[PDB]
Amino acid sequence: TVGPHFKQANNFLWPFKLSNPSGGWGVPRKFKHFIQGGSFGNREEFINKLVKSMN
Amino acid sequence: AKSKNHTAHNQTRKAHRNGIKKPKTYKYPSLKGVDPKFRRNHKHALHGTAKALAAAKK
Amino acid sequence: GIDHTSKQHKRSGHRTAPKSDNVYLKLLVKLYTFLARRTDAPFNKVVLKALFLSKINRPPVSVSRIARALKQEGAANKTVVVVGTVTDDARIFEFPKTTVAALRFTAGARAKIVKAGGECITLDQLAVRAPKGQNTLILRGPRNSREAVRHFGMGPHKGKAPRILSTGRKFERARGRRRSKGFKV
Amino acid sequence: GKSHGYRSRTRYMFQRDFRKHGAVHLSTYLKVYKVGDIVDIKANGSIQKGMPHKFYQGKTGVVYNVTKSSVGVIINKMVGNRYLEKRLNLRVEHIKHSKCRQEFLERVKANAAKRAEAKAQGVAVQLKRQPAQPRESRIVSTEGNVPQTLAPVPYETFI
Amino acid sequence: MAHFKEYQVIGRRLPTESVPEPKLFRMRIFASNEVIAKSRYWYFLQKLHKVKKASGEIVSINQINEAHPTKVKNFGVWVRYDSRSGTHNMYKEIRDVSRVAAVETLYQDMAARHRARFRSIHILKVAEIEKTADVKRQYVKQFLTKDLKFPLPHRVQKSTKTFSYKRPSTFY
Amino acid sequence: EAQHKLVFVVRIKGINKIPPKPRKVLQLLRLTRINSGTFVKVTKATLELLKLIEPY
RNA sequence: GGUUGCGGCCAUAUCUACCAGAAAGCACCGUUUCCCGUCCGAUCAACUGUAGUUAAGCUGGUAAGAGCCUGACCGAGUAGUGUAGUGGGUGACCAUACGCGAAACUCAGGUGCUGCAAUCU
RNA sequence: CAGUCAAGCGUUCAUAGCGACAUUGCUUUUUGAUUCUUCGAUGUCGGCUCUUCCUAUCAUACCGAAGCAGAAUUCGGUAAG
RNA sequence: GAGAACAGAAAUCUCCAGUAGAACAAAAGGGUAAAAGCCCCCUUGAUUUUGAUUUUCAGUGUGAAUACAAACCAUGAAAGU
RNA sequence: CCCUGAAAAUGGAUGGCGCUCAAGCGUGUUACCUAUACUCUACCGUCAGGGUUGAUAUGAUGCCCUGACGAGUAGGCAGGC
RNA sequence: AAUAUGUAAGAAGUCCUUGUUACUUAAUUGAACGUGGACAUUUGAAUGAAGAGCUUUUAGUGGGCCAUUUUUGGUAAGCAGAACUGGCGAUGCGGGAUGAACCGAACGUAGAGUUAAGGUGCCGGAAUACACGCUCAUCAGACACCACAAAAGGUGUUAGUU
RNA sequence: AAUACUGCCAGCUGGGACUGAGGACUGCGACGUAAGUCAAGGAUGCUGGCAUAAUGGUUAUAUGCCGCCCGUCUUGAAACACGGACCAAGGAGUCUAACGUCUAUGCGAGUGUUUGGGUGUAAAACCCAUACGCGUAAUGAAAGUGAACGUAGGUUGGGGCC
RNA sequence: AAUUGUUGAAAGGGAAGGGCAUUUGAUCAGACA
Ligand SMILES: [Mg+2]
Ligand SMILES: [Mg+2]
Ligand SMILES: [Mg+2]
Ligand SMILES: [Mg+2]
Ligand SMILES: [Mg+2]
Ligand SMILES: [Mg+2]
Ligand SMILES: [Mg+2]
Ligand SMILES: [Mg+2]
Ligand SMILES: [Mg+2]
Ligand SMILES: [Mg+2]
Ligand SMILES: [Mg+2]
Ligand SMILES: [Mg+2]
Ligand SMILES: [Mg+2]
Ligand SMILES: [Mg+2]
Ligand SMILES: [Mg+2]
Ligand SMILES: [Mg+2]
Ligand SMILES: [Mg+2]
Ligand SMILES: [Mg+2]
Ligand SMILES: [Mg+2]
Ligand SMILES: [Mg+2]
Ligand SMILES: [Mg+2]
Ligand SMILES: [Mg+2]
Ligand SMILES: [Mg+2]
Ligand SMILES: [Mg+2]
Ligand SMILES: [Mg+2]
Ligand SMILES: [Mg+2]
Ligand SMILES: [Mg+2]
Ligand SMILES: [Mg+2]
Ligand SMILES: [Mg+2]
Ligand SMILES: [Mg+2]
Ligand SMILES: [Mg+2]
Ligand SMILES: [Mg+2]
Ligand SMILES: [Mg+2]
Ligand SMILES: [Mg+2]
Ligand SMILES: [Mg+2]
Ligand SMILES: [Mg+2]
Ligand SMILES: [Mg+2]
Ligand SMILES: [Mg+2]
Ligand SMILES: [Mg+2]
Ligand SMILES: [Mg+2]
Ligand SMILES: [Mg+2]
Ligand SMILES: [Mg+2]
Ligand SMILES: [Mg+2]
Ligand SMILES: [Mg+2]
Ligand SMILES: [Mg+2]
Ligand SMILES: [Mg+2]
Ligand SMILES: [Mg+2]
Ligand SMILES: [Mg+2]
Ligand SMILES: [Mg+2]
Ligand SMILES: [Mg+2]
Ligand SMILES: [Mg+2]
Ligand SMILES: [Mg+2]
Ligand SMILES: [Mg+2]
Ligand SMILES: [Mg+2]
Ligand SMILES: [Mg+2]
Ligand SMILES: [Mg+2]
Ligand SMILES: [Mg+2]
Ligand SMILES: [Mg+2]
Ligand SMILES: [Mg+2]
Ligand SMILES: [Mg+2]
Ligand SMILES: [Mg+2]
Ligand SMILES: [Mg+2]
Ligand SMILES: [Mg+2]
Ligand SMILES: [Mg+2]
Ligand SMILES: [Mg+2]
Ligand SMILES: [Mg+2]
Ligand SMILES: [Mg+2]
Ligand SMILES: [Mg+2]
Ligand SMILES: [Mg+2]
Ligand SMILES: [Mg+2]
Ligand SMILES: [Mg+2]
Ligand SMILES: [Mg+2]
Ligand SMILES: [Mg+2]
Ligand SMILES: [Mg+2]
Ligand SMILES: [Mg+2]
Ligand SMILES: [Mg+2]
Ligand SMILES: [Mg+2]
Ligand SMILES: [Mg+2]
Ligand SMILES: [Mg+2]
Ligand SMILES: [Mg+2]
Ligand SMILES: [Mg+2]
Ligand SMILES: [Mg+2]
Ligand SMILES: [Mg+2]
Ligand SMILES: [Mg+2]
Ligand SMILES: [Mg+2]
Ligand SMILES: [Mg+2]
Ligand SMILES: [Mg+2]
Ligand SMILES: [Mg+2]
Ligand SMILES: [Mg+2]
Ligand SMILES: [Mg+2]
Ligand SMILES: [Mg+2]
Ligand SMILES: [Mg+2]
Ligand SMILES: [Mg+2]
Ligand SMILES: [Mg+2]
Ligand SMILES: [Mg+2]
Ligand SMILES: [Mg+2]
Ligand SMILES: [Mg+2]
Ligand SMILES: [Mg+2]
Ligand SMILES: [Mg+2]
Ligand SMILES: [Mg+2]
Ligand SMILES: [Mg+2]
Ligand SMILES: [Mg+2]
Ligand SMILES: [Mg+2]
Ligand SMILES: [Mg+2]
Ligand SMILES: [Mg+2]
Ligand SMILES: [Mg+2]
Ligand SMILES: [Mg+2]
Ligand SMILES: [Mg+2]
Ligand SMILES: [Mg+2]
Ligand SMILES: [Mg+2]
Ligand SMILES: [Mg+2]
Ligand SMILES: [Mg+2]
Ligand SMILES: [Mg+2]
Ligand SMILES: [Mg+2]
Ligand SMILES: [Mg+2]
Ligand SMILES: [Mg+2]
Ligand SMILES: [Mg+2]
Ligand SMILES: [Mg+2]
Ligand SMILES: [Mg+2]
Ligand SMILES: [Mg+2]
Ligand SMILES: [Mg+2]
Ligand SMILES: [Mg+2]
Ligand SMILES: [Mg+2]
Ligand SMILES: [Mg+2]
Ligand SMILES: [Mg+2]
Ligand SMILES: [Mg+2]
Ligand SMILES: [Mg+2]
Ligand SMILES: [Mg+2]
Ligand SMILES: [Mg+2]
Ligand SMILES: [Mg+2]
Ligand SMILES: [Mg+2]
Ligand SMILES: [Mg+2]
Ligand SMILES: [Mg+2]
Ligand SMILES: [Mg+2]
Ligand SMILES: [Mg+2]
Ligand SMILES: [Mg+2]
Ligand SMILES: [Mg+2]
Ligand SMILES: [Mg+2]
Ligand SMILES: [Mg+2]
Ligand SMILES: [Mg+2]
Ligand SMILES: [Mg+2]
Ligand SMILES: [Mg+2]
Ligand SMILES: [Mg+2]
Ligand SMILES: [Mg+2]
Ligand SMILES: [Mg+2]
Ligand SMILES: [Mg+2]
Ligand SMILES: [Mg+2]
Ligand SMILES: [Mg+2]
Ligand SMILES: [Mg+2]
Ligand SMILES: [Mg+2]
Ligand SMILES: [Mg+2]
Ligand SMILES: [Mg+2]
Ligand SMILES: [Mg+2]
Ligand SMILES: [Mg+2]
Ligand SMILES: [Mg+2]
Ligand SMILES: [Mg+2]
Ligand SMILES: [Mg+2]
Ligand SMILES: [Mg+2]
Ligand SMILES: [Mg+2]
Ligand SMILES: [Mg+2]
């Protein structure tokens, strides 16, 4: 909710430590934007499926 | 026997080891090179308000 | 691998036990490492460290410096602690009462401290008397009265005393020291 | 050989702005400076005396000495991997009051108000600046405003 | 660029004090997911209006599902693309069953025949051709002649083991 | 809708050959190794940060 | 509101052609004993405020005026540019991705604001 | 050493054979430029000898073209047997 | 530019326009119009004592420079310089 | 896209074999292979944070919990043989 | 303009009262340093902080080379010289057959898993997988850096334009 | 109405692989009316095989994949750069005078017995008077002069203590 | 020790030697109880 204490609530959490995505990446080359068929920058609603494969 | 002439490759790399110290700030800085006439009086005027505060714990 | 942000495998850089090898010194450390782990009282952590300190960081507290410290307002009954030797000083003619805890007292110093109707306490008797260090006055000697610091930071316009082995004129007092022989510092 | 003198490279740096030459206008000598004022250094092409070095052009610093015709500004000069302190003896035509601090002051005098006017009301204040927050939820209406479909357009030449 | 969906997109020049309710423009983008679709929307709006994403906002992004997906249609298609020597408009005709399934083969055809990748095409217009004989292009008109039939000769069978003991037919 | 107010970032690109500026922001977001990942509150004064490091 | 002495910002105050300016003020204007300076009382100095004038200075208005000033989704999200790719291309060069973004151009509106002090139908 | 445009040369006729101004290439037996390799050493012109390879073919084989009547020549193809 | 005997492309005299299109030892770049330019008048501050400061920098030196302090002077009605 | 333009010296190189509705070119969709990287665990060493003199057994530079990190020439230091 | 760059975002702060002097004002005027007094962590942006500050003494180094971008001389150069960053040097590992510098990823000893760059006919682990086209070369073609080709042509075929 | 697609469930459930660190108890829980029970701060139960070269170690060989000569100087060496046929044994940052930082020890406004004398179980240990050396005063070319206005000052941070 | 003779075992299609791993041959420790 990004509530009043999100700074200390957030920084309390030690930076997360994911695996390489399980399915793979779905792009062929990663270091392009998402919009250009690569993997970086804001992909929005989809940052999830990615994360739930790296977890 | 000509040799490289000059460069600056690898000198911000070195600058940012021990990394460009911030300039260091002091309450009550030096009066160095302040108006000699201002100081003459100020010394006398500091000597005055001093006196006025030992006379204040009499 | 990791973008390291801080030099890895860093040593803390504070002594962790005296470098000296004196049995008695190391016992004192055991007294105070204990005292300091189990007493939540400041004075025990300060003393513990200072016992690790090298001779250079243990300048002598003189007996007159001690005398003066008592003249602080409301300080005249506190018991002064000097983690290191304490030296005599014929320059005060008088000297007060109190009780000085110290690593060492010189011949001259305990004389004057006792002669004044006083007491000389080794560091472990002070423990017993003041486990929380209640009512102590810790003094340090002056660390930069050392000769060597004169020559530190030498360089032009630092006015900082040559490393020189004879002195006098003929000994680094011409060119680059005066307006009329080249220049000045 | 190469050249490297006190004013080198300052061609346009010390030039005069356009149709703004001639004597300088008298408010420049009216402004009053006391120790601790923040000043913005900018050399004046027309006053050759007491002129800042080209380096300190566009550099701000604080006046440490006030004298008949001149201020004394100190400026922090990062040389090497450090900063040194340089004192600069500028003339008044070349210095000026930095508005950099205005927004502060106009906000501290204002941070007094909101504080008193709210304490004397019943606490709750909040007077820390916050970055631009994203936009909230909204209903953009369609009445008198049907969407206008656009397309890409073919390739013309016109020449 | 992928498997395509059609999206209407709608944006408008972020409101101001003296211009609340700015004007709203729609496009129909042909893209694969909604994140690309909005990218394209801004790509093209800044080719017509004084906007950018920085100063506007998308009002609605809505998928458009083909109206009759089991009605074969004849699609005319209008395109602008960049070649290695300049840029040029085109028109092609695609026979398929949904505006989107056509945009797919378009980008394939453009790629195979004119070496043009996604980045260089602009889909000017896609349109269902109502009456026949407005079908201009031949590679389509072939398939609109009455009671049409045709064999599929020299038929070739996907062998599922490495060795075979027959000797194939291509019969059909 | 309201613009999103919170973002989650995971570092994609490895450790080496990274230019000084974004190499700094990656640290201030605690993303100092590949495939680790933090939350970031979405405000201009971080949205620029987010911008500064998309390639990674 | 005018004017004047002193101003601030220093063309929305400037440039070109006309026109209008009550009152007071400014001006031009009269004299050459005296201080004063000129090849020349034109400028500079003195005396008169008398003997004359709104001609000019000066103030304001006119103009599809020049100039200058302001603005706009005018051009133009263009030109340039920070970042990205094992993008395209023989190259020259060029698309696209996340951002920042001119100058000209074209249309509109404007044509000194104002401080201290004295004075004026 | 080879091209492209083709204004011109060629009685006439641009291109049989040539070709200006321009412009595009190639080659590495020219010569430069460079100083990467060798200065505790790669023996340094020419010839003699003798082998092999390249083809941008001088001859020989079979061809197309000609401003080829014949004879002679010329431009060109396949070609280093 | 428009005007005046010899006098002419150029001698000297006058009026108008004139943002600097001139001049300021010198190379060039800044800068300057009741001036910084030109003509005049009075001058020696191109002086005495010793520190701070900027550029070059090692924040040594040398060169050059800035702004004060303390004298003695120049100019001008004066502020000033 | 293909062809012509397109000429060098031992015999030879899309890495090789070979491939032609490709095993070629453009583009799309999935599945799959495997770094000293990533995730989890174990062990070593380093650094750090804590706990523990209470006797009546054996290490207090010791014992116990905990977290993070580990490339390396010249070069420093350390602890060992 | 972009990119780059100076300062600022408070307790060393802010507000009232009225003390010192030989500077300075016409002037207790101002300047400068102060005594007394009023207001605390939403005390004045964000993110980070395996803390911050400080001193002394000493090694090696002071032949450099490459890559993208900017960039000077040169027809050019695997040429010579600058700028920013990243590298190689000093660094192995995976990909690029091969290779100092490219791509990926930086190394304690191991296990299981997932991947990067790059690949999956056979050599060779991995679809002789899927789908639309295009190409037939009596010197086809086949993956960045990279191991080169141009003007000009074609009634080969392909799809487009007026 | 259905379905697809995208998303969620602190809904059920099968197969397969790797691990099993720890070693009384102690924590947070979970199920039970309850007694007790549990998958809740790290593997136990049951059954069999051999008790040996079975497992394991060493070694030779073979087979898959990988592996250039080391040393040096160099931007760059496996280099078509140098030394090196092979073995043993020698073989290179010392000692001294005078010094800087640092540390340990002694004593401390002083400190240094060892030129010397005394003395001895005789190059040892033990002892010691007079000087000297460095330090406890500085600063000037020198003649020379020579460190308390004051609780050895005022201000601002300061650990610690009260 | 280099280097050599004999004997024994073993490998050897333009060097030899090395890494990880396992077959086979030879040899060996410990551990059951
Ligand atoms: Mg898998
Ligand atoms: Mg799956
Ligand atoms: Mg994948
Ligand atoms: Mg790939
Ligand atoms: Mg997982
Ligand atoms: Mg040389
Ligand atoms: Mg060179
Ligand atoms: Mg050099
Ligand atoms: Mg110490
Ligand atoms: Mg001390
Ligand atoms: Mg001393
Ligand atoms: Mg020293
Ligand atoms: Mg001396
Ligand atoms: Mg000097
Ligand atoms: Mg020059
Ligand atoms: Mg210049
Ligand atoms: Mg002017
Ligand atoms: Mg001057
Ligand atoms: Mg797009
Ligand atoms: Mg655009
Ligand atoms: Mg386009
Ligand atoms: Mg199949
Ligand atoms: Mg964050
Ligand atoms: Mg932020
Ligand atoms: Mg963005
Ligand atoms: Mg009148
Ligand atoms: Mg007059
Ligand atoms: Mg008038
Ligand atoms: Mg009139
Ligand atoms: Mg007037
Ligand atoms: Mg006008
Ligand atoms: Mg463009
Ligand atoms: Mg750009
Ligand atoms: Mg890259
Ligand atoms: Mg590129
Ligand atoms: Mg070109
Ligand atoms: Mg753009
Ligand atoms: Mg226009
Ligand atoms: Mg030619
Ligand atoms: Mg021609
Ligand atoms: Mg003919
Ligand atoms: Mg003909
Ligand atoms: Mg002819
Ligand atoms: Mg021709
Ligand atoms: Mg060539
Ligand atoms: Mg060549
Ligand atoms: Mg030749
Ligand atoms: Mg050489
Ligand atoms: Mg040579
Ligand atoms: Mg040799
Ligand atoms: Mg030889
Ligand atoms: Mg030779
Ligand atoms: Mg030879
Ligand atoms: Mg020889
Ligand atoms: Mg003929
Ligand atoms: Mg004939
Ligand atoms: Mg004949
Ligand atoms: Mg032929
Ligand atoms: Mg032959
Ligand atoms: Mg042959
Ligand atoms: Mg005349
Ligand atoms: Mg000269
Ligand atoms: Mg000049
Ligand atoms: Mg004037
Ligand atoms: Mg003259
Ligand atoms: Mg002189
Ligand atoms: Mg210097
Ligand atoms: Mg220095
Ligand atoms: Mg220096
Ligand atoms: Mg320096
Ligand atoms: Mg010197
Ligand atoms: Mg100068
Ligand atoms: Mg093709
Ligand atoms: Mg060969
Ligand atoms: Mg080839
Ligand atoms: Mg292949
Ligand atoms: Mg193939
Ligand atoms: Mg393909
Ligand atoms: Mg799938
Ligand atoms: Mg498959
Ligand atoms: Mg690896
Ligand atoms: Mg590992
Ligand atoms: Mg401990
Ligand atoms: Mg290491
Ligand atoms: Mg060891
Ligand atoms: Mg030993
Ligand atoms: Mg711009
Ligand atoms: Mg900044
Ligand atoms: Mg008084
Ligand atoms: Mg107070
Ligand atoms: Mg902050
Ligand atoms: Mg934090
Ligand atoms: Mg910390
Ligand atoms: Mg050093
Ligand atoms: Mg050094
Ligand atoms: Mg040198
Ligand atoms: Mg050196
Ligand atoms: Mg050297
Ligand atoms: Mg460039
Ligand atoms: Mg070069
Ligand atoms: Mg790089
Ligand atoms: Mg490096
Ligand atoms: Mg080297
Ligand atoms: Mg390196
Ligand atoms: Mg590397
Ligand atoms: Mg490899
Ligand atoms: Mg690769
Ligand atoms: Mg990549
Ligand atoms: Mg093979
Ligand atoms: Mg296989
Ligand atoms: Mg061929
Ligand atoms: Mg050919
Ligand atoms: Mg050939
Ligand atoms: Mg072939
Ligand atoms: Mg390419
Ligand atoms: Mg290759
Ligand atoms: Mg051409
Ligand atoms: Mg062509
Ligand atoms: Mg064609
Ligand atoms: Mg066209
Ligand atoms: Mg579902
Ligand atoms: Mg579920
Ligand atoms: Mg167990
Ligand atoms: Mg266990
Ligand atoms: Mg219950
Ligand atoms: Mg249980
Ligand atoms: Mg056995
Ligand atoms: Mg066995
Ligand atoms: Mg056995
Ligand atoms: Mg067994
Ligand atoms: Mg057995
Ligand atoms: Mg054997
Ligand atoms: Mg072996
Ligand atoms: Mg190999
Ligand atoms: Mg070797
Ligand atoms: Mg070399
Ligand atoms: Mg090399
Ligand atoms: Mg080597
Ligand atoms: Mg070689
Ligand atoms: Mg040599
Ligand atoms: Mg040799
Ligand atoms: Mg030996
Ligand atoms: Mg030796
Ligand atoms: Mg040392
Ligand atoms: Mg000691
Ligand atoms: Mg003494
Ligand atoms: Mg002795
Ligand atoms: Mg004897
Ligand atoms: Mg005796
Ligand atoms: Mg004696
Ligand atoms: Mg003595
Ligand atoms: Mg001394
Ligand atoms: Mg003295
Ligand atoms: Mg003297
Ligand atoms: Mg005397
Ligand atoms: Mg006195
Ligand atoms: Mg006195
Ligand atoms: Mg004070
Ligand atoms: Mg052989
Ligand atoms: Mg047993």
# chains A, B, ... in the order shown; residues from 1 in each chain; ligands from 1
>>> residues_around(residues="residue 54 (chain F)", least_positions_apart="4", cutoff="9 Å", atoms="only C-alpha atoms (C1' of nucleotides)", output="list in words")
residues 33, 40, 41 and 42 of chain A; 50 of chain F; 83, 84 and 98 of chain G
>>> residues_around(residues="region 38-46 of chain B", least_positions_apart="2", cutoff="12 Å", atoms="only C-alpha atoms (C1' of nucleotides)", output="JSON, numbers by chain")
{"B": [31, 32, 33, 34, 35, 36, 48, 49, 50, 51, 52, 53], "D": [65, 66, 67, 68], "I": [68, 69], "K": [19, 20, 21, 22, 23, 24, 31, 32, 33, 34], "L": [154, 155]}
>>> select_by_dssp(residues="chain F", states="strand (DSSP E or B)", output="list in words")
residues 6, 7, 8, 9, 10, 33, 36, 37, 38, 39, 40 and 41 of chain F
>>> residues_around(residues="region 134-148 of chain K", least_positions_apart="6", cutoff="12 Å", atoms="only C-alpha atoms (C1' of nucleotides)", output="VMD selection string")
(chain E and resid 108 to 115) or (chain G and resid 85 to 87 90 to 91) or (chain J and resid 1 to 4 6 14 19 to 27) or (chain K and resid 67 to 68 78 96 98 to 99 101 to 103 118 156 to 159)
>>> residues_near_ligand(ligand="ligand 100", cutoff="9 Å", atoms="only C-alpha atoms (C1' of nucleotides) and all ligand atoms", output="number ranges by chain")
K: 77-81
>>> select_by_dssp(residues="chain A", states="alpha helix (DSSP H)", output="short mmCIF file (atom, residue, chain, number, x, y, z; two decimals) with N, CA and C atoms, in the first residue's frame")
data_model
loop_
_atom_site.label_atom_id
_atom_site.label_comp_id
_atom_site.auth_asym_id
_atom_site.auth_seq_id
_atom_site.Cartn_x
_atom_site.Cartn_y
_atom_site.Cartn_z
N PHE A 6 6.62 3.18 4.49
CA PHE A 6 7.17 2.29 3.50
C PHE A 6 8.69 2.36 3.43
N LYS A 7 9.32 3.46 3.86
CA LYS A 7 10.77 3.48 3.73
C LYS A 7 11.40 2.45 4.66
N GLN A 8 11.07 2.53 5.94
CA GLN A 8 11.68 1.61 6.90
C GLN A 8 11.09 0.20 6.81
N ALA A 9 9.83 0.08 6.43
CA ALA A 9 9.28 -1.24 6.20
C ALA A 9 9.99 -1.90 5.03
N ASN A 10 10.29 -1.11 3.99
CA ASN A 10 10.90 -1.66 2.78
C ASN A 10 12.35 -2.02 3.01
N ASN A 11 13.15 -1.03 3.44
CA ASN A 11 14.57 -1.23 3.72
C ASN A 11 14.81 -2.30 4.79
N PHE A 12 13.84 -2.55 5.67
CA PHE A 12 13.95 -3.68 6.58
C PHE A 12 14.16 -4.98 5.82
N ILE A 47 5.69 -7.90 -14.81
CA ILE A 47 6.86 -8.13 -13.96
C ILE A 47 6.57 -9.32 -13.05
N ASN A 48 5.30 -9.69 -12.94
CA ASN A 48 4.88 -10.76 -12.04
C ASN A 48 5.30 -12.12 -12.57
N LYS A 49 4.66 -12.57 -13.64
CA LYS A 49 4.95 -13.88 -14.23
C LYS A 49 6.45 -14.15 -14.23
N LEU A 50 7.21 -13.14 -14.63
CA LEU A 50 8.66 -13.19 -14.50
C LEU A 50 9.06 -13.53 -13.09
N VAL A 51 8.60 -12.74 -12.11
CA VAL A 51 9.04 -12.94 -10.74
C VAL A 51 8.58 -14.30 -10.23
N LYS A 52 7.32 -14.63 -10.46
CA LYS A 52 6.84 -15.92 -9.99
C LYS A 52 7.49 -17.09 -10.69
N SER A 53 8.42 -16.86 -11.62
CA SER A 53 9.24 -17.93 -12.20
C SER A 53 10.65 -17.92 -11.65
N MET A 54 11.07 -16.77 -11.16
CA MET A 54 12.36 -16.62 -10.53
C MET A 54 12.30 -16.93 -9.05
#
>>> residues_near_ligand(ligand="ligand 57", cutoff="12 Å", atoms="only C-alpha atoms (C1' of nucleotides) and all ligand atoms", output="list in words")
residues 70, 71, 72 and 73 of chain H
>>> residues_around(residues="residue 61 (chain G)", least_positions_apart="4", cutoff="12 Å", atoms="only C-alpha atoms (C1' of nucleotides)", output="PyMOL selection string")
chain G and resi 18-21
>>> residues_near_ligand(ligand="ligand 134", cutoff="10 Å", atoms="only C-alpha atoms (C1' of nucleotides) and all ligand atoms", output="MDAnalysis selection string")
chainID L and resid 65:68
>>> write_last_selection(atoms="N, CA and C atoms (P, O5', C5', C4', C3', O3' and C1' of nucleotides)", output="PDB file, in the first residue's frame")
ATOM      1  P     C L  65      36.226 -37.426 -27.992  1.00  0.00           P
ATOM      2  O5'   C L  65      36.355 -36.054 -27.175  1.00  0.00           O
ATOM      3  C5'   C L  65      35.192 -35.298 -26.875  1.00  0.00           C
ATOM      4  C4'   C L  65      35.346 -34.457 -25.636  1.00  0.00           C
ATOM      5  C3'   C L  65      36.545 -33.533 -25.582  1.00  0.00           C
ATOM      6  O3'   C L  65      36.400 -32.339 -26.326  1.00  0.00           O
ATOM      7  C1'   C L  65      36.397 -34.688 -23.561  1.00  0.00           C
ATOM      8  P     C L  66      37.636 -31.808 -27.212  1.00  0.00           P
ATOM      9  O5'   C L  66      38.608 -31.069 -26.168  1.00  0.00           O
ATOM     10  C5'   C L  66      38.216 -29.897 -25.483  1.00  0.00           C
ATOM     11  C4'   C L  66      38.910 -29.777 -24.159  1.00  0.00           C
ATOM     12  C3'   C L  66      40.385 -29.454 -24.181  1.00  0.00           C
ATOM     13  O3'   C L  66      40.723 -28.118 -24.528  1.00  0.00           O
ATOM     14  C1'   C L  66      40.020 -31.168 -22.646  1.00  0.00           C
ATOM     15  P     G L  67      42.113 -27.841 -25.324  1.00  0.00           P
ATOM     16  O5'   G L  67      43.221 -28.158 -24.228  1.00  0.00           O
ATOM     17  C5'   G L  67      43.514 -27.261 -23.184  1.00  0.00           C
ATOM     18  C4'   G L  67      44.791 -27.682 -22.549  1.00  0.00           C
ATOM     19  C3'   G L  67      45.928 -27.798 -23.516  1.00  0.00           C
ATOM     20  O3'   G L  67      46.524 -26.578 -23.836  1.00  0.00           O
ATOM     21  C1'   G L  67      45.843 -29.752 -22.254  1.00  0.00           C
ATOM     22  P     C L  68      46.836 -26.312 -25.366  1.00  0.00           P
ATOM     23  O5'   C L  68      48.419 -26.189 -25.442  1.00  0.00           O
ATOM     24  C5'   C L  68      49.302 -27.108 -24.806  1.00  0.00           C
ATOM     25  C4'   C L  68      50.568 -27.240 -25.607  1.00  0.00           C
ATOM     26  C3'   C L  68      51.838 -26.632 -25.039  1.00  0.00           C
ATOM     27  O3'   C L  68      52.891 -27.302 -25.678  1.00  0.00           O
ATOM     28  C1'   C L  68      51.330 -25.553 -27.018  1.00  0.00           C
TER      29        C L  68
END
>>> residues_around(residues="region 137-147 of chain C", least_positions_apart="4", cutoff="12 Å", atoms="only C-alpha atoms (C1' of nucleotides)", output="number ranges by chain")
C: 42-44, 46-47, 50, 53-72, 74-87, 98-102, 126, 130, 133, 151-152, 160-163; K: 55; L: 135, 159-162
>>> residues_near_ligand(ligand="ligand 69", cutoff="10 Å", atoms="only C-alpha atoms (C1' of nucleotides) and all ligand atoms", output="PyMOL selection string")
(chain C and resi 156) or (chain I and resi 56-61)
>>> closest_residue(among="B:27, B:37, B:13, B:58", to="chain L", atoms="only C-alpha atoms (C1' of nucleotides)")
B:27
>>> decode(residues="region 62-73 of chain G", atoms="C-alpha atoms (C1' of nucleotides)", output="PDB file, in the first residue's frame")
ATOM      1  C1'   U G  62      -1.565  59.208 -35.843  1.00  0.00           C
ATOM      2  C1'   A G  63       0.394  55.070 -39.275  1.00  0.00           C
ATOM      3  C1'   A G  64      -2.507  47.396 -43.000  1.00  0.00           C
ATOM      4  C1'   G G  65       5.138  52.497 -40.864  1.00  0.00           C
ATOM      5  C1'   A G  66      10.610  50.423 -39.692  1.00  0.00           C
ATOM      6  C1'   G G  67      12.550  48.700 -35.060  1.00  0.00           C
ATOM      7  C1'   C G  68      11.737  46.632 -30.429  1.00  0.00           C
ATOM      8  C1'   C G  69       8.670  43.760 -26.664  1.00  0.00           C
ATOM      9  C1'   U G  70       5.189  39.626 -25.403  1.00  0.00           C
ATOM     10  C1'   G G  71       2.504  35.083 -26.668  1.00  0.00           C
ATOM     11  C1'   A G  72       0.477  30.530 -29.139  1.00  0.00           C
ATOM     12  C1'   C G  73      -0.725  22.464 -29.532  1.00  0.00           C
TER      13        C G  73
END
